[PDB]
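Quick setup: one chain, the form deposited in one PDB entry, written in structure tokens, and binding and motion questions come after.
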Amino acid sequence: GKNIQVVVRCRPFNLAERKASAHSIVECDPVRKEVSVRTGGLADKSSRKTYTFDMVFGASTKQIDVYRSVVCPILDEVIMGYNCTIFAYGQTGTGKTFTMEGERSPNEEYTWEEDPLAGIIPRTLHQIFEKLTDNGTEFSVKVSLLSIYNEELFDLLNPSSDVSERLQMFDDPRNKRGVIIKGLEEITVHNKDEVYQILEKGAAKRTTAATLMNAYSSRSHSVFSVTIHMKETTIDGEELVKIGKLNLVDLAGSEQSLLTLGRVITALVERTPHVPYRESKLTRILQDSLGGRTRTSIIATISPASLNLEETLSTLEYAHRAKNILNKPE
């Protein structure tokens, strides 16, 4: 079965949309894995758009269910020493941050499974520290967070010297599918909770970028990379080294790297040779994590409000395009 999982997640009405007495036009059916939009400016009951995906998560879907479906199979591959990428795609205010970062529950117990509102990124770190420690495998975990705007790279974690300088990138001679981003701040994570500091720094930096770059907030991609270094011995000296990399990507709604990414995924899905990784910064950076038949995931976040009709249709079309799944009968 395809190693490229494409899922749609529709959030619930917030409260503001409630004040604007927003109403629903999106029809979620997680059993048939279909999401339908009911069009009609002057009220239409003779044409509704339906899409099918690998998974459809309605408003009541809890974080752990999204995580268990999308991330678990993938983290499995990363722990085996492979490179994988999980994308979050959708316009602002649809649910990427909630899905990718979520809400913290400090002062509480845990188990990567019990955290009620933790997002993919924190929960991933949470499962990593729990899984590898229970297994008794020696490991280290470092992370980076870069931004892509107007096909230029920006380090969102570098402490000093960080008010506008670009990161440079060039292929590196010993992994033709990889590239080297010199100067890219890589922060080592000693315990799961340390990720919150990182995300805040990233967020602050992102807040500044917006005051310098027009529509940054809606035209930037972020790649949050977590590298896992593992090693197990055998009281004989036999060492097994595994280095895994998981890219958590936040894609800006289609309201360049986005164009090339859809052609690459489509190409991987259709098995067309010559996947155009080189035609954008994002696809060059992730090339080595969209390698063999590695596992890939794309979460499309949408709003259930009629007011976002066009945006939802936009997001859905893109997800549908990346991996075309034929609608079932009836």
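Residue positions are given as counts along the sequence shown, with the first one as 1.
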Missing from the model but present in the deposited sequence, between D171 and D172: none
Of 112 to 120 and 128 to 136, the stretch whose C-alpha atoms average the higher B-factor in the entry: 128 to 136
78 to 86 set against 204 to 212, stretch whose average Cα temperature factor tops the other in the entry: 204 to 212
Largest Cα B-factor, entry values, listed residues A319, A20, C10, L313: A20
Among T227, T233, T94, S147 - the residue whose C-alpha B-factor is largest in the record: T233
Modelled-residue ranking by C-alpha temperature factor, third containing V141: highest
Assigned third (lowest, middle, highest) for the C-alpha B factor of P273: highest
Third of the chain's Cα B-factor distribution that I198 belongs to, per the entry: middle
Modelled-residue ranking by C-alpha temperature factor, third containing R104: middle
Modelled-residue ranking by C-alpha temperature factor, third containing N247: lowest
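Keep in mind the form solved in complex with a small molecule is missing from the figure; the text below concerns it.
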Proximity of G244 to the small molecule in the deposited bound form, heavy atoms at 4.5 Å: no
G202: touches the small molecule in the deposited bound form, heavy atom cutoff 4.5 angstroms: yes
Contact flag, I121 vs the small molecule in the deposited bound form, heavy atom cut 4.5 Å: yes
is_contact(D76, the small molecule) in the deposited bound form, heavy atom dist at most 4.5 Å: no
Heavy atom within 4.5 Å of the small molecule in the deposited bound form - residue from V249, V71, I148, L145: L145
Stretch in contact, per heavy atom within 4.5 angstroms of the small molecule in the deposited bound form, of 132 to 140, 162 to 170, 229 to 237, 203 to 211: 203 to 211
